Every structure is written in C-alpha cells, then in structure tokens.
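A.B. asks: here are the coordinates; sequence isn't available:
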Ligand code: HEM
Ligand code: HEM
Ligand code: HEM
Ligand code: HEM
Ligand code: HEM
Ligand code: HEM
Ligand code: HEM
Ligand code: HEM
Ligand code: HEM
Ligand code: HEM
Ligand code: HEM
C-alpha cells in the first residue's frame, strides 16, 4: 500500500539521494554494483551497453537513463493517470528483451539499499519505499 | 592489450591509491578482505603469516611485501625488459607453494576494486587496469 | 565566451597533471608520439613532412615532437590571459604560414589529437572545456591556412 | 635527539590514555602487576626483593607497584621538559643507589616492561618512540648501576 | 558556434533542477505541456508527428506523459553537462531514436528551442536566458546531428 | 646509538617517496644502479655475492631488476616507519633471507649506507642527510642483526 | 507535567554516560548498589519483591548483577532520548515486563526516583539535578504506565 | 566520608584538573605557591629542593613528586587496602620532617585553592572528606 | 581571621567570580544547585520559592536575593560595625526558618564549590575564615 | 656533469619553481628583467619583441617561448639523444642573432637568480652543470 | 668585480636572508647540510665539531661561527682595507686545515644554494663576484 503520505516521503528522499549532476552516477553505481553482486547473470542483459564495464561512458549513459526513468516515475507518484501512462511506455521498452521476472524485485532491493545508504539508515521507511517501488515495477514487468 | 598510455594511467592511479606510510595498509586491507570474502580457501595459503588474523603485524608485513611487489611491477610497466626479469623472480617465489591458478584472477579483481574504491569510480578505466594487471600476474603464475 | 576562465582554468590543471618537466622524458615522448599517431590517422598528413619522418625511434622526430607539444603547452598555460595567448598563437601562425602543407584543418586535427589523448591518459578530463579551448588555440595557429 | 619532542609528545598522550586517576584502582593495579610479571620474567630479579614478595594479592606489593608506576608516570609526563626530567631521574637514581640489587640492566628490563605492556593494552602505540624515551628514562634511573 | 562554458552549464543545471526536481508536484506537467503548447503554436505541422501519443488531446494522460517523458530526457542531458563523456553517449542515443522517427528534421529542434525560450522565463526564478541558449544548443545539436 | 625520531622518519619518508614514487619513470633504475655502482666501488669483493643476478653486466635486465628489487625493499621498510610493529616483522624477514646467503656480513650494510649516503644527495631535492643516517641505521640494523 | 527538553536530555545523557561508560571499572556496581540501598531504605517493603535475585545479600553476585542489569536498563533508555520513536518502544517493553511482576506499583517508581536523586549528586561531576528529574520522569512514566 | 560514590567524583575532577605533560608542572608549582601564600612558614621546609627559585628544575621536580604522590593516592581511593598501605608508606617518610597538623591543613587549603581553578565543576564537600582521608594517613 | 588584608582579597575574588548581569543569574543557580547536591535535605527548605523548576523566575529571583545579600555583605567586610548590623538583620530573618549549622555548612561548601570555577586565582584559606565570619553572624 | 641523478634533481626543482598558468608568465618576466639587470646590453637584442614594455603581451609571449623552450629542454634531460637534437635545432636558430658567450653567461646567472626565489630547496651545483649542458648546445 | 654598488646589493640581500635569532641557526645548518650534499668529502673535515649530529649544539655553534664570520665579512665589504685585514686573519686560520680550492668552491655553491631560498630577489652575478672576493682572501 503506497499511501499519499508515502509518496511525499518517497519523492523527497528520492530527490535528496538522486541529486544533481554527477551525484546521480554515485547512486547508479550503488544500485548496479549491488544488483550484479547478488544476481550476476543479470549483467549479460546489458551486453549492448557494455555491462561488463559499468564505469564506461556507454553504460553510465544507460544507468542515468534508467535512474531518469525511475526519477520520472517517483516524481509522478501523486499523478497516477500520468504514472500509468509512463509505466505502460516503460513496459513496452522491456518486454521482448527476456528480462527475468526475478530481476525486478532484485532491482527494487538494490535501489532501496542505495537510497538508504545515501540519505541515512535511521528512521528510513522501508514500508513506504518497498510499497511504492513495487507499484512502479509491477507496471513495467509482465 | 596494455598500451603505453594505459601504463601512464595505471602508474599514476596506482601511486595515488598506494600512497605513503600507513595508507598502503588501507589499500592492502581492502584487497585481502575482498579476496578472502570471495575465495575463502585462499586464507589457508597464508597460514605461515597468520592469515587468520590479517590485522596482525606478521600478516601486515606480508601484505605490504605483496603490495610492494605489485608497486615494483606497476612502476616498471614502461620498462618491459626489467619488468620481465622482475616477474620471473616473482614467479620463482610462488611456484611449489601450490597456489590455485584461479587465485590470480581473483587477486586481480580485488586489487582493481581497491584502487577503484580509493581513487574514485567515475571515469575509472577497467580496460587499462585489467589488461595491465593481467600482464603482471601472467608472468608470475604458471 | 568560447573557452572561458573556468574552461581555461580546468584545462590547465588537467594538462599540467599529465605534462610537466618533473616527469621522465620517455613519458613525455610517449604522449607526444601517441598524439602524432592520432594526428597522422585523422589528418592524413605525410609523416615525411617532419624531421625523422614520423619514426618514433628517430631522435629528430622525438625532438620535433617535443617542440610541437611544448608550443601547445605554452599556449595552454596562457589560456587564462587571452591578451598574452592571442600573441603566442599569432607567433605560431606566422611560423606556419611559411611552412608548406600546413592547413587549418590539419591544425584542428592535431589540436583535437591533444584532447583525445589527454582523455585517454586522464579519463576524468573535462572534454567540453578541452574542446572549446583547443578550438580557440587551433583557430589562431591555422588562421588564414 | 633520542626521544625528541615529537617522541615525548606521543608517548605522553598514549600513556595517559592508558593511565590516569579517573580509572579504577583495580585497572591501575592490573597494568602494574602485569608490568611486573614481564619484568620478573625478563630480568630474573627476585620478587622477594619487594614488599609483599610479588604476591599480586598482597596489598603491600600492590602499593609498592603503585609507587614504581607512579614514578615512571611522573617521568613520562615530564619528557617534554628534559631540564625537569633529568632532575626527576636524578632523584630516582640516588634513591636506587641506596638499594642493594638494583642494576642498570634490571632498570632497562622494567623500563622495557612498560613499553611491551602499553603495546598490549594499546596496540596503536608508537613503539619506536616508546623505545627511545623509555631508554632515556632508564639511563637516568640506572646511571652508575 | 557558441560555447556552453563551465560557468554556463553550472548556472543552467542549478536553475533547471530547482524547478524540475522530483521533490515537487504538479510542476513538471504544467511546464512540459506549455513547452509543447508553444511548440505546436510555432509549427502546427509538428503536431502530426505525435499522433501516436494522442497529440490532439493534450490533457490526456497519454500526451501529458509524453511531455514529461520528453522534457525529463532533457533533464537527464542537462545533469550530464558535468560529464560530457557520458553526455555524448546519451546524445547519440537520442539522435538514433529520432533518426528512426519519420518526419523529424533538424529545423524542428530550432523550433523546440524557441518553445523552451518562451516557457522557462515564466517559470524559472533566476533564469539566465543567455546561458540557456548556448547549453541547450550543445544538447540539441547532439540529438539533431544526423537528421 | 642514534635515534630515528618521529620528526626524523617523517622527513625521510616524504623526501624518499617524492623521488621513488611509482608515478615516475626511468628514476628507479638510475638511482638503484648508482647505489650498487657506489657499493661495488667501495668494496669490490661485494660484487662476487651477486653472480646469480648477473653483476658483471649492470645494464642487463637481470641486474637492473635486482637493484630495483633491493631498493624497493628499502622503500617498503621506509614507509613502515609509521608502523614499527610491522617494521620489526619486515626487518626480521629480510634478516633471515640475508642470513641464508653465504658471504653477507654486517660490515656490508655499513658499506651499503655509504652508497646511499653518496647517491641520495645528488638525486633528492630537500635531502636532510642527517635524518637519513639515523633512520637508515634503524632499518639496516634490523636486517644486519644476526650476520 | 514537566517537559524533558532538548537541552535537558542532552545534559543528562552526557553526564550519565561520563560515569556509566563501559570503559571504567568498579563504578557500575558501587553506583547501582547505592541506588537500591537507598531504595530499600525508603520503602523496606520493596526488598521483598527481589527475593528471586537474592536481595537479602547485596554483595552476592546474584544481586549485584541485578543492580547492574536494572540500572544499565536506564542507561539504554537515557541514550534513547535522542530517538523518542525508539524510546517509546523500549519503555512499553519495560512496562509490560513490570506489569507481569506481582507487587510492582507505580508509587515504587516515585521511590526509585528518590534513590537516583540521592545517589547521582554524590557520584556525578557536573550533575544538574533539575534536568535529571524531568527526564527521569519522562522515562519512569513510560515504564510505570499501566501499573 | 569519602565513600565509593564520592571517590569516583574526586578521581574524576582530579583528572581534568591535574592534566598531562607540562600542565602538571604548572599545576604543581601553583599548589606550592599557594601553599606558601597560605602559610609562609612552610616555605623553609623545602630548603633542600631549590625553593629559592620555584621555576627551577629542582623545585619543580619536588612539586611533581608531591602531586604525583597525590595522583597515585587518588588512583587507589577505591582500593581501600592498597591506599592504606601506600599512606602508611608515605607516613613513615614524613615522620622525621618535623611537620604539624597545620602543615597538612595549609596543604589541603592549597589543594582546595588550585584544583577548582582548572575546572568547571567542583564539589568541595567531597574533596574535603577525601583529602582528610589522605592527610590523616600521611600525618599519622 | 578575615583581617583587613584578607577582606580585600575576598572582596576582589568575589567580584570577578560573581560577575554582572545574567552571569550573576547562572552563578546564583549554580550555587543552590551545588547546595542541593551537597545536602539533599536543603532543597525542601525552598519549597516556597519555585524550587520545582530551578530555571524558573521565582527560584532565580530567590537565588539572586541570596547571592545579592552575599554581595552586600562582602562589600561591607571592611566596615566592621556596618556588616555586624546587617548580619544582625539577616540573622533575625533566618531565625524562624528551622535551619541548623549544617545548613550553613552546606552553603559554605557550595560557595567553595562554585566561586573558584569562575576564577584563575582562589585562596580557600581566606575564604574559609571570611565565610565563617558571615555564617556565624547569620546563623546566630 | 649533469648525470642521471642530477637531471632528476634539476627537473624536480624546475617544476615547482616554474609553476603553471600565469605563474609562468611572472616567472618568465622576472627572468629577463634579471637578465637585463645583470647585463644591460642584452636588452637591445630583444627590440623586435616589445621590450619597450616588459608587461606587454608581445614581450611576455617572447619570455614564455624562451622559458617554454627551457621547459621542454629540461623535460628531455634524461633522454640524451633527444635533447641533443633539440639543442642542435635551437643552436641553428640563435646562430644568426649575434650573441656571445657572455650573453648565455648572463642568462644562466639570471636563471640562478630567479629560480631559487620560488623554492625552499635549491642545489646550485647541479643547476650549474646542467645549465652548462644546455647553453653549450645552444651557443654552439 | 664586487664594486661599491654591488657590495650594497649583496649586503642588503644577506641581511634579510640571514635573519636574526634562531633563523640564523637554521640558516647556518642548511648551509653546511647543502655543503655536504654538494661535496660529501667535506663532512669529514668537521669531525671535531660534532658533525655526527648536525642539530647538536656543538655543530650548530660551528655553523654560526662560520656564518657569523661571513656576517662580519659582508659588513666590511665597503671598507676595503678592513676586510682585507680580516680575510688575512681568517686565511691564516684555515691554512693548516688541509683545504683545497674545491672546498671553497663547494661552499660558495652552498651559499648560492641556501641564501636565495629565503629571498624574493637575488642577483647571483653580484653574489658570484663578491663571494670570490671573500674566498680568495681566505683560501690564500
Ligand atoms: C524501476 C525499474 C526500471 C526502470 C525505471 C527502467 C528504465 C529503463 C530505461 C529508461 C531504459 C532506457 C531504454 C532506452 O532508451 O533504450 C532501460 C533500458 C533497459 N533496461 Fe530497464 N528499467 C528498470 C528495470 C530494469 C531491470 C530490473 C532490468 C534487468 C534485470 C532492466 C533491463 C534493461 C535493459 C536490458 C535495457 C536495454 C539495454 C540496452 O538498451 O542495451 N531494466 N530501462
Ligand atoms: C600481482 C600479484 C602478486 C604479487 C606482486 C605477489 C608478490 C609477493 C611477494 C613480494 C611476496 C613476498 C615473498 C617473501 O618475501 O617471502 C609474496 C608471498 C606470497 N604470496 Fe604472492 N604475490 C601476488 C599474488 C599472489 C596470489 C594471488 C597468491 C594466492 C592466491 C599469493 C600467495 C603468496 C604466498 C602463499 C606467499 C608466501 C607466504 C609466506 O611467505 O608465508 N600471491 N607474494
Ligand atoms: C596545435 C598544433 C600545432 C602546434 C602547437 C605547432 C607548433 C610548432 C612548433 C612550436 C614548431 C617548432 C618551432 C621551432 O622550430 O622553433 C613547429 C614546427 C613544425 N610544424 Fe607545427 N604546430 C602545430 C600544427 C602543425 C600541423 C597541423 C602541421 C602539418 C600539417 C605542422 C607542421 C610543422 C612542421 C613541418 C614543422 C617543422 C618546422 C621546423 O622544423 O623548422 N604543425 N610547430
Ligand atoms: C623504570 C624503572 C623504575 C622506577 C620508575 C622506579 C621507581 C621507584 C619508586 C618511585 C620507588 C618508591 C620510592 C618511595 O618509596 O618513595 C621505588 C622503590 C623500590 N624500587 Fe624502584 N624503580 C624502578 C626500577 C627498579 C628496579 C629495576 C628494581 C630492582 C631490580 C627496583 C627496586 C625497588 C625496590 C626494592 C624498592 C623498595 C624501596 C622501598 O620500599 O623503600 N626498582 N622504585
Ligand atoms: C532537446 C530536445 C528533445 C529531446 C531531449 C527529446 C527527447 C525525446 C524523448 C526522451 C522521447 C521519449 C519517447 C521514447 O523514447 O519512447 C522522445 C520521443 C519523440 N520525439 Fe523527441 N526530443 C526532443 C526534441 C524533439 C523534437 C523537436 C521533435 C519533433 C518536432 C521530437 C519528436 C519526437 C517524437 C515524434 C517522439 C516519439 C513520439 C511517440 O512516443 O509516439 N523530439 N524524444
Ligand atoms: C638496507 C639494506 C638492504 C636491503 C633493504 C636489502 C634487501 C634485499 C632484497 C629486497 C632482496 C630481494 C631478493 C629476493 O628476495 O629474491 C635482497 C637480496 C640480496 N641481498 Fe640484500 N638488502 C640490503 C643490503 C644488502 C647488502 C649490503 C648486501 C651484500 C653486500 C646484500 C646482499 C644480497 C644478496 C646477495 C641478495 C640475493 C642476490 C640474488 O638475488 O641472487 N644486501 N636484498
Ligand atoms: C527507571 C526505573 C526502572 C528501570 C529502568 C527498570 C528496569 C528493569 C530491568 C532492566 C530489569 C531486568 C530483569 C530482567 O528483565 O530479567 C528489571 C527487573 C525487575 N524490576 Fe525493574 N526497573 C525500574 C524500576 C523498578 C522498581 C521501582 C521496581 C520495584 C520497586 C522494580 C522491580 C523489578 C523487579 C521485581 C524485577 C525482577 C527481579 C528479578 O529479576 O528477579 N523495577 N527492571
Ligand atoms: C598531603 C599529601 C602529601 C603527599 C602526597 C606528599 C608526598 C611527598 C613525596 C612523594 C615526597 C618525595 C620524597 C622523595 O622522593 O624522597 C615528599 C617530600 C617532602 N614533603 Fe611531602 N607529601 C604530602 C604532604 C606534605 C606537607 C603538607 C608538607 C609540608 C608542609 C610536606 C613536606 C615535605 C618535605 C619537607 C619533603 C622533603 C623535601 C626535601 O627532600 O628537602 N609534605 N612528599
Ligand atoms: C549564608 C548566607 C545567607 C545569606 C546571605 C542569606 C540571605 C537571604 C536573603 C536575602 C533572603 C531573602 C529574604 C526575603 O527577601 O524575603 C533569604 C531567604 C531564605 N533563606 Fe537565606 N541566606 C543565607 C543562608 C541561608 C541558608 C544556608 C539557608 C538554608 C540551607 C537559607 C534558607 C533560606 C530560606 C528558606 C529563605 C526563605 C525562602 C522562602 O521565602 O520560601 N538561608 N536568605
Ligand atoms: C639559454 C637558453 C635559451 C633558450 C632555451 C632560448 C630559446 C629561444 C626561443 C624558443 C626563441 C623563440 C624563437 C621563435 O619562436 O621564433 C628565442 C628567441 C630569441 N632568443 Fe633565445 N634562447 C636561449 C638563449 C638566449 C640568450 C642567452 C639570448 C640573448 C642574450 C637569446 C636571444 C634571443 C633572441 C634575440 C631571440 C629572437 C627575438 C626576436 O625575435 O626579436 N637567446 N630563444
Ligand atoms: C668561505 C668562507 C669561510 C669562512 C668565513 C670561515 C670561517 C670560519 C670560522 C669563523 C671558524 C671558527 C674557528 C674558531 O672559532 O676556532 C672556522 C673553522 C673551520 N672552518 Fe671555515 N670558513 C670559511 C671556509 C671554510 C671552508 C670552505 C671549509 C671546508 C670545506 C672550512 C673548514 C673549516 C674547519 C675544518 C674549521 C675548524 C673545525 C674544527 O675546529 O674542527 N672553512 N671557519
């Protein structure tokens, strides 16, 4: 359950962790390094964008694209009609790529760990982040 | 392929990460803690130097010896005739110890992770570090 | 402006992190020879045009490489003073008008060969500032060519 | 110099991190008794030479331990003032000349027992500075012995 | 021809993120809709290129999400100005996507600039329109290169 | 008899690493060769102890690598001066290795000191030869102890 | 009725940890024994509630460990004052444990306060007894709520 | 009188007041300077330890021995049988020095004079009882 | 005992220790805070002056009256016949407040506790005699 | 004379003395200013490069070319065959400029004048030999 | 060669470079430290003045005597007949110390090494001529 108060909380802490400029690459580095550490067969899904070298410019442009899409969704958590239209477009850009359905909860876990590692662990609302991140990925996968 | 420009890049970033004084123990702590976390049966190879306690003075003198040898090689990346003579001596100090051949790529991965963790992940050239580190260990192992 | 004080300031810092006299001469020549390999490929200018003929083992070409790179080094370190920098580039332009076969396109190739090599030996380089300032440097050396 | 101001400064800081009156008396005696176990082993000096006879449960030896360690503590905290420190060690030397069985080697053992125990209770200790300063302290107490 | 300087992009990036941050609500849709409202008003032919995203009904969620999706793409490139090695990859990525859309010419990105040149002064607080033009060109030229 | 003080080793460590850093090229071989060139020139008998590392041909890669290997061993011990608990282990390690080399006496390390005492002032910028002597002894005594 | 302010708890937490820190020896037993010695001396009936922890012999390890266990429970709640979201959980935890102990009434925590009000000025250096009363109540009310 | 609680209080405040390194030297000199200003007859008792110049190493060494003896006596306040043995030792040393109770009374008033001036918090009640503990053991 | 020389010394050190403006208020609160920490039974005697909250204006006003009474008594230390009349006045006011000698003993030890912590120089010997002068006049 | 060891020493001290950006410009102007103050006849040799105003861009550009030529010659000190070819190049350029040995002697004394003033450590012995290396190659 | 004009220049720059108090001591130690780094054989000549520890008072006293002798020789540069008599005195003292011209050549290069590092302005040409004045008088 992603309440309206969860949305304000997630939107704020996301912006604080996402940040500006090259700070977004720091958050992306946290997410992908954690994802590939737990689910190593996911790195092959990004062979087109040099997934073997996450520090390459090709992969970093892919990372910031992904984080930009997540930022695009987090910003629209309180505008659900537009949120669903966004996720539908994101879903079309992921099917027929053969993404294992288990990769989406894994991405959620790594993304929550990165934001939590950036903004601080104390008081961190895992209930609000998990519930609202699930609302995002469930519109993208399947 | 370890180009001559890769050598300048590796030599600089190695010196920055290696550092002076007790900074070298910080880099060594990163490498061994990562190596033993992935390849735990490698810790037994260092039973003579108290591998069970990496924070002991006996193991730290071993760690700095190892990092000194790697520093000795990185500094000689652009002097290949001397580099090969160094690696040949290093190879004699490792055979008949029963070092698993898989331990050398594992050491390379941990060492690249430590330098990258020290000097910063952005722009980090994994292509140059992997290719020039492979040139070092391939002269030591086998 | 094209190559502002900020652009000039960071280009100088990164360049002098890669190029100074405290480094070995072999390290200096390795960068310059690599810059000429990029220039030769991108411009298609004959290596026979230079002393030593592009032979990276010819001490003449290695010294000829040093003079070209040192010229760019003097210009880069004067980017924070457009008054002094325009004077330096004007000296190089009159020096290159007297040379046959030097075109503004080739100068832009060699000036761009500096940026690409700096980014290889230093991946943290600010490649936009390196683009605007080196274009300003090339526009002076190859003015009228 | 042997035990410079830097050596003296860091030895004092680490020593007073391990030894001060804000700590419990049991903690103070536990360090001193452990120092005497190292001294007894390394020097071979009879514990019967001291009140209580080395009995770590004898209140006499525990008090005798306190006087010895407090003497070293006064000397350590005066290392930054060689003028005052030489005077303190000269008082201890004349105090120990009157005692039979005290040799300079035994003093060096007891002075070295302080460094080894400090390094056990504080592994970050600067053991070189602890070596040079305690050797200077021992050279005073055991001068002529 | 105009250089987006280090001072230029630092000014644009701060002003842009101040308005386009995800911590705020209702902003992105109102801005991105006004950008396209100005875009179609300067080239009525451009609207026909968006029949797939319901351009004839702007308040539709299908079109508002297109405006957010497009302008947040600019936000991605704006915050890459402090990493042009990554920006060049992203711009080539956006270029090939637009090359594969029949009817998207380079002159359209000239009109898209005018759209942002009109909307941003109304919505941005400390808007330096002079820095915006040079750095928008740095980005728009990277995408429009090819078409 | 002379104490390598905290100020002493801090001075040596900074000056030494400034010249011996891996970020530079051609330096280590020229310095380490001059050290052994001075060493054999002060005790011609010492050269015979290095027949295994091609001492009769200094420009051979087999001997230049020996000079780098030996002097970089000193670099390892120099940068351990801020951790003498680790330095003592390293020095005992080097001592047992030299005890197992027939013909290596303690008086040789006296001659090795003179070699560094000659080479370092020529190559080091802010060389304080007084601090170098006391801290080199601190290291050389640890290795020479036993032979 | 009295508010343990931000300045209040910051003063108590620093003074308390300065005496109750684990880096010291012999302190905790002497303090915690004096607290209960004062407690039984102000309500002799309270001693009967501790027959399970050998209250009739204070120097017994069974009772000294009870005093350390109880007062270190206060140390846990004192250092939670900078996190009252966590403190409320801990206080409800201690409350239910005391609700399940037959004979523990709220008026006992009034007497326990007097015990700390007597012991702490003798042992704490910069003891502000005014801040202690308000923040002790903040904690004691959380446990005594229910009984 | 100087119970287990008050000993902790006194040991704590003596630590930050006494200090380390040369702060102990100036502290020790301030103590005897205030000892003499409180009892002028006391100054002659220290004629053997360079009291002519109170900044001299000879007199500073004596002051650090006396404050260091205080330091070790404060440390073993919570070990009753240990400080009793140490006070008994010190008592025999002062027994032949022709001191009276007012000499130890002037010393305590010098202790109460100097110590709190290097503190923000001072409890003279606990310090009075805990000093009388030490003085009575040394005086006899 | 509190002769003409010592009165000057005490009047001087009371001045810089007491301070001005709000420094007198924190000083006055520290005195009674240390008074209670030295004698817990003393706190109940001030139930009429808002001792529930020692930062309250009601209790701070009482503390400033007591330290201000000390301030005026210190001022007339060198006027023997004046302070005698003022001590006689204060004595009659405290006569019905059921105070004993230990209450004035705890107050002095609070004075010896607080005052020197705001000083670099303190002479507890002179302060002891000069306080006994004031206390004996107020206690009766 | 300017052996492999001394070349490292000279290359090092030239780096921090020469500096970067405008510090090279003030450095280069100080060198020729000291060159003229050491040999007044040398100033006329630079009439073609705006020596009328030594702060002008025309003269500053000449100074940076000369110090930059020094910079590149210092860099290839350890590459003997490279600096020999570069010194041979520079020698042919100065051959027609009517310079004598004292002109290169005044330049070196200007180098020994300016360089150490931007340093904490300077070895004039090594700098003397290594400059004679460069000057003899350029003078002919 | 070291004319009336250049003597003023050298006397001026020696003043701010030499300094006062302990700055002369560190200066004097830097001079001999650089003397030894320029000529290693020179260090043995000072075996009688505690060269074992260059920070020792014995060696520092020797360095201050040598730099102080330089100080007094610099002072009388403009009094030709006075410095001639003083150089003649110093020459007889060094005559039996088995020194050669390279020893005074290493000393001057140490002077040219240390002195300018404590200056913003240095004229090595004038310092070269004026040092040769002093050295030739002392060497003989
Ligand atoms: C909230 C979760 C996610 C968001 C917002 C997101 C968003 C995006 C975006 C914006 C792109 C750029 C598409 C393009 O321009 O070509 C992309 C590409 C891609 N993503 Fe996702 N994604 C998410 C989760 C995942 C996960 C969990 C995986 C795999 C386990 C994945 C695999 C891919 C792949 C394979 C591509 C294409 C790579 C290529 O173009 O070579 N995505 N994603
Ligand atoms: C670039 C890679 C490496 C370098 C430069 C290196 C260098 C060194 C050096 C200098 C020593 C000291 C020898 C001595 O003085 O006794 C050493 C010892 C040793 N190394 Fe390596 N090493 C490398 C990789 C590895 C790896 C990957 C392993 C095991 C998986 C390994 C296992 C050992 C062992 C067992 C010893 C001896 C331990 C002992 O003396 O008790 N080394 N190495
Ligand atoms: C950033 C670009 C360039 C810089 C900084 C530069 C600078 C220089 C400098 C400083 C010299 C030596 C001057 C001297 O001898 O005193 C030189 C020589 C020369 N340059 Fe350039 N130049 C550039 C581009 C080019 C290009 C593009 C070409 C050919 C297509 C070229 C051809 C030559 C030749 C043939 C010489 C030999 C002249 C001689 O040896 O006397 N240069 N250049
Ligand atoms: C760092 C080393 C030492 C220090 C700091 C030291 C200091 C002291 C001090 C302060 C006292 C008590 C003085 C007093 O009673 O007022 C003392 C007593 C004594 N010391 Fe030492 N001492 C040292 C080494 C030794 C050694 C090596 C021995 C024997 C081998 C020794 C044997 C004794 C004995 C037997 C006494 C008893 C004297 C008595 O009770 O009156 N001490 N020492
Ligand atoms: C800085 C300028 C621009 C940027 C950053 C940009 C970026 C984007 C982005 C992020 C999308 C996302 C749609 C997807 O990938 O699924 C997109 C799609 C599209 N863009 Fe652009 N764009 C720009 C200018 C323009 C202009 C000027 C035109 C035409 C006049 C245009 C035509 C289109 C069309 C037709 C689509 C696809 C519509 C659909 O999804 O059905 N773009 N662009
Ligand atoms: C501070 C002084 C010295 C240090 C740090 C040092 C260190 C080293 C090091 C690191 C090695 C590496 C060779 C290996 O382990 O495989 C080595 C080997 C050796 N050292 Fe030393 N050394 C010092 C002085 C000397 C001296 C003075 C001598 C003899 C005069 C000497 C004789 C040798 C010999 C003969 C070898 C082996 C040669 C070979 O590899 O065939 N060392 N030493
Ligand atoms: C701030 C005030 C208090 C705190 C923080 C506190 C906390 C604790 C703690 C930590 C225990 C640990 C025993 C366990 O869980 O196994 C305990 C047990 C107990 N408490 Fe309290 N307590 C307080 C006041 C009181 C008072 C005033 C009374 C009764 C007059 C009381 C009666 C008991 C009893 C009877 C036990 C169990 C005895 C046993 O273990 O056999 N507590 N309390
Ligand atoms: C109250 C606590 C006292 C302590 C802890 C103490 C401790 C000491 C100590 C450690 C010494 C050094 C003896 C030695 O090393 O040989 C000493 C000496 C001495 N003390 Fe005390 N003492 C105290 C009280 C006093 C007082 C109150 C006086 C005089 C008013 C006094 C007079 C002396 C004298 C005269 C000496 C010998 C000076 C000399 O050698 O000329 N002591 N005391
Ligand atoms: C020793 C010097 C003392 C001085 C100069 C002093 C002075 C004063 C003054 C000026 C007042 C204000 C009376 C009024 O304005 O109505 C007062 C009130 C009072 N004083 Fe003192 N006093 C002293 C000692 C003490 C002590 C030691 C105690 C108790 C331990 C005490 C207990 C009280 C009480 C109970 C009141 C009345 C509080 C009330 O009205 O509820 N006095 N005193
Ligand atoms: C000792 C090292 C020297 C170096 C590295 C050096 C280098 C240079 C360089 C790079 C130029 C620029 C030529 C051009 O770009 O066209 C130049 C020009 C010149 N140099 Fe030097 N030079 C040195 C010595 C001297 C000395 C000692 C003098 C005179 C005392 C001198 C007099 C000149 C003159 C007159 C010019 C031409 C000025 C003009 O064009 O009007 N050079 N030198
Ligand atoms: C160039 C200017 C020099 C000056 C002004 C100078 C001055 C002095 C002075 C004042 C003394 C003190 C003599 C005494 O007080 O007994 C002295 C001693 C000495 N000087 Fe010099 N001197 C100079 C050059 C040198 C040089 C270049 C060397 C050696 C390289 C040298 C070697 C000595 C020696 C060996 C002593 C005696 C040291 C001893 O007593 O063991 N002098 N000189």
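C.D. replies: In hand now; what should we look at? Residues are numbered from 1 along each chain as shown, chains lettered A, B, ... in the order given. Ligands and ions are numbered 1, 2, ... in the order given.

A.B. asks: Could you find the closest non-adjacent residue to the residue in chain A that chain J sits nearest to?
C.D. replies: Proximity of chain A to chain J (CB to the nearest CB) peaks at residue A:22, 24.9 Å away. (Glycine included, C-beta is placed from N, CA and C.) With sequence-adjacent residues excluded and distances taken as CB to CB, 6 or more residues apart in numbering or on different chains, residue A:22 is closest to residue E:82, at 5.3 Å.

A.B. asks: Secondary structure element holding the one you found?
C.D. replies: For residue E:82, there is no host helix or strand (DSSP states H and E).

A.B. asks: Check residue E:66 too.
C.D. replies: Judged by DSSP H and E, residue E:66 forms part of helix E:61-78.

A.B. asks: all helices for chain E, in order.
C.D. replies: Taking DSSP state H to define them, one finds helices in chain E at E:6-20, E:27-42, E:61-78, E:84-99, E:106-123, E:129-144.

A.B. asks: mind listing what residue E:7 touches?
C.D. replies: Residues near residue E:7 by CB atoms under 8 Å, 6 or more residues apart in numbering or on different chains: C:4, C:5, C:6, E:131.

A.B. asks: if you set the cut-off to 6 Å instead, what comes out?
C.D. replies: By CB atoms under 6 Å, 6 or more residues apart in numbering or on different chains, the contact set of residue E:7 is C:4, C:6.

A.B. asks: Now do it against chain J, distance only.
C.D. replies: 18 Å (CB to the nearest CB, to the nearest Å).

A.B. asks: do the helix holding residue E:66 and chain A meet?
C.D. replies: Yes - for helix E:61-78, a contact with chain A is found by CB under 6 Å from any CB of the partner chain, at E:61, E:62, E:64, E:65, E:72, E:76.

A.B. asks: Go through those residues and say which is closest to chain F.
C.D. replies: Relative to chain F, and with distances defined as CB to the nearest CB, the nearest of those is residue E:76, at 36.2 Å.

A.B. asks: Next one: the closest one from residue E:129, what distance?
C.D. replies: According to CB to CB, to the nearest Å, residue E:76 stands 22 Å off from residue E:129.

A.B. asks: who has more neighbours, the two?
C.D. replies: Each of residue E:76 and residue E:129 has its neighbours counted (other CB atoms under 10 Å in any protein chain shown); residue E:76 has more, 23 against 12.

A.B. asks: What strand or helix carries the closest residue in space to the more buried one that isn't next to it in sequence?
C.D. replies: Nearest residue to residue E:76, sequence neighbours excluded (CB to CB, 6+ apart): residue A:68, at 4.1 Å. Element membership of residue A:68 [criterion: DSSP H and E] is helix A:57-75.

A.B. asks: Can you name the next helix or strand after that helix?
C.D. replies: Following helix A:57-75 in sequence order, the next helix or strand is helix A:80-92 (DSSP H and E).

A.B. asks: which other residues reach that next one?
C.D. replies: For helix A:80-92, the surrounding residues in contact (CB under 6 Å, 6+ apart) are A:73, A:76, A:139, A:140, E:61, E:62, E:64, E:65.

A.B. asks: of those, closest to ligand 4?
C.D. replies: Closest to ligand 4 out of those is residue A:73 (71.4 Å), distances taken as CB to the nearest ligand atom.

A.B. asks: Tell me how far the top helix by length along chain H lies from the chain's centre.
C.D. replies: Using DSSP H to define each element, chain H has its longest helix at helix H:57-75. Chain-centre distance of helix H:57-75: 8 Å, with CA atoms, centre = their mean, to the nearest Å.

A.B. asks: Of all residues in chain A, which one is closest to chain H?
C.D. replies: Counting by CB to the nearest CB, chain A gets nearest chain H through residue A:122, at 31.6 Å.

A.B. asks: Would you mind measuring from the closest residue to that residue other than its chain neighbours to residue G:72?
C.D. replies: Excluding its sequence neighbours, the residue lying closest to residue A:122 (CB to CB, 6+ apart) is residue G:83, at 7.6 Å. Residue G:83 sits 18 Å away from residue G:72, going by CB to CB.

A.B. asks: again, but for residue A:80
C.D. replies: Distance from residue A:80 to residue G:72, by CB to CB: 50 Å.

A.B. asks: Work out which residue lies at the spatial centre of chain C.
C.D. replies: Chain C has residue C:72 as the residue nearest its centroid, 4.2 Å off, counting by CA atoms, centre = their mean.

A.B. asks: could you say which helix or strand contains that one?
C.D. replies: Per DSSP H and E: helix C:59-76 holds residue C:72.

A.B. asks: do the same with residue H:105
C.D. replies: Element membership for residue H:105, per DSSP H and E: helix H:101-114.

A.B. asks: After that helix, heading C-terminal, what element do we hit next?
C.D. replies: Trace forward from helix H:101-114 with DSSP H and E and the next one is helix H:124-139.

A.B. asks: so what secondary structure elements neighbour that following helix?
C.D. replies: The elements that helix H:124-139 packs onto, with contact taken as 3 or more CB pairs under 6 Å, 6 or more residues apart in numbering or on different chains; DSSP states H and E, are helix H:4-18, helix H:80-94, helix H:101-114, helix I:101-114.

A.B. asks: For ligand 8, tell me whether it is touching it.
C.D. replies: Yes - judged by CB under 6 Å from any ligand atom, helix H:124-139 and ligand 8 are in contact via H:134, H:135, H:138.

A.B. asks: returning to that earlier point: any figure for the gap between the residue nearest to the centre of chain C and chain I?
C.D. replies: Separation of residue C:72 from chain I (CB to the nearest CB): 66 Å.

A.B. asks: Now for that residue: which residues touch it?
C.D. replies: So residue C:72 contacts residue C:114 (CB under 6 Å, 6+ apart).

A.B. asks: By neighbour count, which bits of stretch A:71-85 are buried? Give me those.
C.D. replies: Neighbour-count burial for stretch A:71-85, counted by 16 or more other CB atoms under 10 Å in any protein chain shown, picks out A:71, A:72, A:73, A:74, A:75, A:76, A:77, A:79, A:82, A:83, A:84, A:85.
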